[PDB]
Structures are given as structure tokens and as C-alpha cells.
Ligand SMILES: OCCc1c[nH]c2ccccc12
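Only one chain is included here, represented as C-alpha cells and corresponding to the form solved without this ligand.
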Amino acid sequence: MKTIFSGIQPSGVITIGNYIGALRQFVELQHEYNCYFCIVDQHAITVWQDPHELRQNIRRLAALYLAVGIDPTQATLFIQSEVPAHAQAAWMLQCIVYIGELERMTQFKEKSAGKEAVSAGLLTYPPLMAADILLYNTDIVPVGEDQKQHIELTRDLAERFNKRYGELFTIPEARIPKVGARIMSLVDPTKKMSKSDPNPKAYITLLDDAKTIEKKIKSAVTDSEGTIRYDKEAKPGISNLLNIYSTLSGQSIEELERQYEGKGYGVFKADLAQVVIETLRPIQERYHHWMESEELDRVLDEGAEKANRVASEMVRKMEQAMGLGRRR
């Protein structure tokens, strides 16, 4: 079968946007592809991470991957840093990416937007992500609309390497969901929901308690119409709430518009909170199971073992193409 790779940064607790845009689809994709799902801790340090928080976040992410249903025997779950090949191939890839291609990345300009001093890692985020994917001869990359431009660069980089040194890389393809590819901030409907937003009201983590989810849905930005109908341009907050409601409940935006005819934001929000709470319920239960056992560490050990075998061999192939080191 074809191969899949996809990473999530342990830069905070994953949100419903992360879930809706990517994680949710991993669970189904694992049975039809050879999958590598990564906890990208090296990507997470491109900005300040408290060391204790990062360690904890790394373990929580792994538990949540398994809690949503990733089966360690059907897919390879691992931590980026535990596979030296990602840093190796990242170095090689940054000697072929042009500085201008990095500065033109919208994620770079956005995250670097209005900062005096910024880490080089923020800028060199792309070559590492390109290595993450390219290392496993990945065919499909399940994301995550905001990740489209990175995958496009990654393709340019694999092509440049292939034509410069010889055919080595499979050109990967992004797989972005038709629905939920871009869940918006609850607090600023013009920005996507980010797990690292400085405002906790912007997102709902997969670990949020009922009380917390009710508050967050209640504080969500809407408008003064009091009319539940989808209109991304005119009613951004309400349209986003409808999207969340629609993908989580399985009802169409249109069905929800009818069901809420004659209502009623208070009631619409109260209902949506319960829908999110009910979705997160079985997930949180299994998360607690994984968090309290050493089984989590066995899954990760075995996952890094398999990833190392595949990746270090690609690295060897890459060094042989570039002329690095010695003949092996």
C-alpha cells in the first residue's frame, strides 16, 4: 500500500481544530495505508517551550493519539527527536532550500509577525518538516489547510534534490479534508484555532472539562443578528460554530439552520457545548488509561525503533547522493 506521514507539535494540548482537521482522519486512514504519525518535539522548540511543559505535552500527545484510536500495530507512532535522521535530513535539506523560499512562507511571516528577535528555527521550520515527510517515502500527507504551503515547498525540495543528485524521493501529496480543514479561533473568527494561542478562550483542548467547554462556547464571538445561518463573510463566528457543530454531530449546515430556525444563540451555544463535551467524553477516558501505564512508553519505544530503521536508511541514501561521509 501507499505510505502516510503526519506530525503534530507537542506545543500545548491538541485542540478540536487539530482533531477535526487531522487527527480524526488518521484513525480511518491507518487501515488503508502504511502510516507514520509523529510527535514533532523538534518543531515545537522553534519557539519557547517550558521544559517541564514540553515533556508533559509530549506524553499527553502520545496518549491522545492512542485515545482517539490510533492502533500501534496498524501505524507507527513516534517522537521526532528520538529518530536522529530527522535532524540529519533536515540539515541536508536546508543546504538545498533557498533563503527566499523560507522567508516567503506565510507561517514564518505570521508567527514572526511583529517580533523583534526571532529564532532561526522559526525560519528553518520547513526543511525539518520536509525531512519528516521525505524520510519515509511518503505518498500522502494528511493535514491541515495551514500546512498546504509547507507540503508544496517540500515537493519543490524533493524535486530539486532528485534532479540535482538523482531520483531518490517520492513526491508527496497533501490530503486536506473538504470539511473542517480550517477551524477558526472562538475569540477571533479571522484567525485559525491554534493550540498555542496566547488566549485559552480561542480554542477548546481535547482535555478541557465540561465547565470549561461551556464557558468557551459561551464566550465565542458572534454578531448582533441573533440569526443562525451560515455566512463566512458576513457572520464568521456563527459560521465557524456551525461548522464545528456540523462535523461533530454529522448534521449538515443546512439541517442545523432549520433546526435552529426561530432561535436563539444562547440555546445554540448551550447545545454545541454539550455536543463537544459528548464527543470528548470517551476520548478523555481512554486518555487517562494511557497516561497511567507504562504501555505508552512501550508503544513509543517500538515506534521509534521502526522509524529509525526506515529513516536512517533514507539518510544513508541521501548522504550517498550528496557525497557525504564515506562509502558504506
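Numbering starts at 1 and follows the sequence shown.
Just so you know, the form deposited with this ligand bound exists too; it's not on screen, but the next bit is about it.
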Problem set entry | 4.5 angstroms heavy atom contact with this ligand in the deposited complex for residue 133 | yes
Problem set entry | Heavy atom of residue 143 within 4.5 Å of this ligand in the deposited complex | yes
For this session: Give a yes/no on whether residue 245 approaches this ligand to within 4.5 Å in the deposited complex, heavy atoms considered.
Result: no
Exercise. Taking 4.5 angstroms as the cut-off for heavy atoms, does residue 129 touch this ligand in the deposited complex?
Worked result: yes
Problem set entry | Interface stretch in the deposited complex with this ligand - options 290-298, 273-281, 35-43, 258-266, non-hydrogen atom within 4.5 Å | 35-43
Exercise. 76, 205, 88, 147: which sits within 4.5 Å of this ligand in the deposited complex by any heavy atom?
Worked result: 147
